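Protein chains in written order, with the authors' numbering: chain A, 28 to 219; chain A', 28 to 219. A prime marks a further copy of an entry chain. Heads up, the beta-carbon is just placed ideally off N, CA and C, and yes, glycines get one too.
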Ligand SMILES: COc1cc(/C=C/C(=O)O)ccc1O
Ligand SMILES: COc1cc(/C=C/C(=O)O)ccc1O
């Protein structure tokens, strides 16, 4: 039967024990899921040497995910789009397979606590019933500032796949996109 | 009927006109192919602030492509492997589809001119009949040194795909792997 994810109870890759103990409550609040057989979940972490609000300005741009994500041919949200929960975007993915769209819905948007998340509601790709949450957190040590971005997901393991198959693929993509987020926002910071 | 690729006649993305005019003969010599209908070819470029021999030490490691490539679960070359042309490696790719192997053959290995290339001879993935060449080149300006890596390929466009589909996917992967090559070798340089 069901199980609760345990991401809030171990140190995620890319994060220090010190940082974890500061975020353990945010991980349990926003990066916990109830998974069933046939699903897999993961938590990824990325340090960014940039202020929180700098990183969040990119993370929250639901209509321009290609700003920090790879493998996006285009993204459309149609006229009269507003940055509200329930809005959707059509993401055309670069996959070496025929041109297919991923319809995605904005699930969360908290400008004060820096939390967002989305769901893949349609699309013929390898991430069926995908749902993820991203949170942005600030850190300080002797007047030095940095940010930690946490991103988790739950997703179906396709029939004929191992959980390790799907998890390793999803982790790689998320991890790669967080490195681009780091570069983009650190450049934005070092340029003012 | 057949056509010759024209990569040696335009400035590839990631390279300056100055750099191109220096490499135009190497591009025609090593990065030209005869493509037929149903194939596509591309040339990618990446500047690396590291000496040529530093970048080449990684580029030539046919048995450890995960050193600078993404989406590789593992790579095996079996005992008694030697770095000779004709050798092969089994690359297990991270693709969100079931665990599948890419058998690849070393086509070129020139330690003096810094040229290597390989062919995908077996594997059920989106890069059928893939063949690529990588060359490493040195540059100088006022005692400052940098390297340019050029990587081209030819590959089949799968039935039901646009050429733009396949090219955009292959370009993204190669481009991403060259950025990792840049980071890895620049770190290797700045550490001696
Ligand atoms: C980068 O953004 C995305 C990538 C995918 C990838 C799907 C696959 O490779 O199966 C799907 C939806 C996305 O929004
Ligand atoms: C990173 O190295 C490789 C990636 C692939 C990808 C195949 C696909 O996604 O269809 C194939 C062979 C490789 O050596």
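Just grab the DSSP bridge partners of residue i for me.
i: residue 119 of chain A'; result: A':101 and A':128
i: residue 45 of chain A'; result: Residue 45 of chain A' pairs with nothing; no bridge assigned.
i: residue 141 of chain A'; result: According to DSSP, which records beta bridges pairwise, residue 141 of chain A' is partnered with nothing at all.
i: residue 180 of chain A'; result: A':69 and A':159
i: residue 146 of chain A; result: A:132 and A:158
i: residue 174 of chain A; result: A:75 and A:165
i: residue 228 of chain A'; result: Absent from the model: residue 228 of chain A'. The displayed extent of chain A' is 28 to 219, so no value can be given.
Measure the alpha-carbon distance for residue i versus residue j and round it to whole angstroms.
i: residue 97 of chain A'; j: residue 199 of chain A; result: 8 angstroms
i: residue 71 of chain A'; j: residue 56 of chain A; result: 44 angstroms
i: residue 65 of chain A; j: residue 208 of chain A; result: 30 angstroms
i: residue 183 of chain A'; j: residue 53 of chain A'; result: 24 angstroms
i: residue 177 of chain A; j: residue 161 of chain A; result: 6 angstroms
i: residue 217 of chain A'; j: residue 168 of chain A'; result: 19 angstroms
i: residue 220 of chain A; j: residue 137 of chain A'; result: Only positions 28 to 219 of chain A appear in this structure, which leaves residue 220 of chain A out of reach.
i: residue 110 of chain A'; j: residue 77 of chain A; result: 44 angstroms
i: residue 68 of chain A'; j: residue 89 of chain A'; result: 22 angstroms
i: residue 190 of chain A'; j: residue 139 of chain A'; result: 35 angstroms
i: residue 29 of chain A'; j: residue 181 of chain A'; result: 13 angstroms
i: residue 38 of chain A'; j: residue 185 of chain A; result: 42 angstroms
i: residue 219 of chain A; j: residue 50 of chain A'; result: 37 angstroms
i: residue 122 of chain A; j: residue 170 of chain A; result: 44 angstroms
i: residue 193 of chain A'; j: residue 43 of chain A; result: 40 angstroms
i: residue 157 of chain A'; j: residue 144 of chain A; result: 37 angstroms
i: residue 211 of chain A; j: residue 107 of chain A'; result: 44 angstroms
i: residue 114 of chain A; j: residue 201 of chain A'; result: 34 angstroms
i: residue 196 of chain A; j: residue 40 of chain A; result: 15 angstroms
i: residue 73 of chain A; j: residue 135 of chain A; result: 20 angstroms
i: residue 82 of chain A'; j: residue 125 of chain A; result: 35 angstroms
i: residue 132 of chain A; j: residue 104 of chain A; result: 11 angstroms
Identify which residue in the options has its Cα closest to the Cα of residue i.
i: residue 101 of chain A'; options: A':82, A':127 and A':28; result: A':127
i: residue 215 of chain A; options: A:29, A:80 and A:31; result: A:80
i: residue 146 of chain A; options: A:129, A:40, A:138 and A:139; result: A:129
i: residue 153 of chain A'; options: A':82, A':172, A':187 and A':144; result: A':187
i: residue 99 of chain A; options: A:204, A:73, A:197 and A:148; result: A:204
i: residue 166 of chain A'; options: A':40, A':157 and A':45; result: A':45
i: residue 31 of chain A; options: A:201, A:62, A:47 and A:58; result: A:62
i: residue 75 of chain A; options: A:197, A:105, A:173 and A:148; result: A:173
i: residue 59 of chain A; options: A:141, A:132, A:159 and A:104; result: A:159
- Message: Under 8 angstroms, with one C-beta from each stretch per pair, do the region 115-128 of chain A' and the region 91-105 of chain A' reach the 3-pair mark?
- Response: In the pairwise beta carbon analysis, the region 115-128 of chain A' is classified as touching the region 91-105 of chain A': at least three pairs are separated by under 8 angstroms.
- Query: Along the region 124-144 of chain A, what residues have a CB closer than 8 angstroms to any CB found in chain A'?
  - Reply: Here the close residues are 124, 125 and 126.
- Select from the region 91-110 of chain A all residues with a C-beta closer than 9 angstroms to any C-beta belonging to chain A', and list them in chain order. Going along the region 91-110 of chain A in chain order, one finds 97, 98 and 100 with a Cβ nearer than 9 angstroms to chain A'.
- Mind listing which residues of the region 146-158 of chain A' have their C-beta closer than 9 angstroms to chain A's C-betas, in chain order? Per Cβ criterion, the list reads 152, 153 and 154.
- Taking Cβ-Cβ distances below 7 angstroms as the criterion, which residues of the region 163-187 of chain A' are in contact with chain A? The region 163-187 of chain A' vs chain A, Cβ under 7 angstroms: 187.
- Mind listing which residues of the region 194-218 of chain A have their C-beta closer than 7 angstroms to chain A''s C-betas, in chain order? Of all residues in the region 194-218 of chain A, only 195, 196, 199 and 203 place a beta-carbon less than 7 angstroms from a beta-carbon of chain A'.
- Query: Going along the region 50-64 of chain A' in order, which residues come within less than 7 angstroms of chain A, judged by CB to CB distance?
  - Reply: For the region 50-64 of chain A', which is checked against every Cβ of chain A, not one residue is closer than 7 angstroms.
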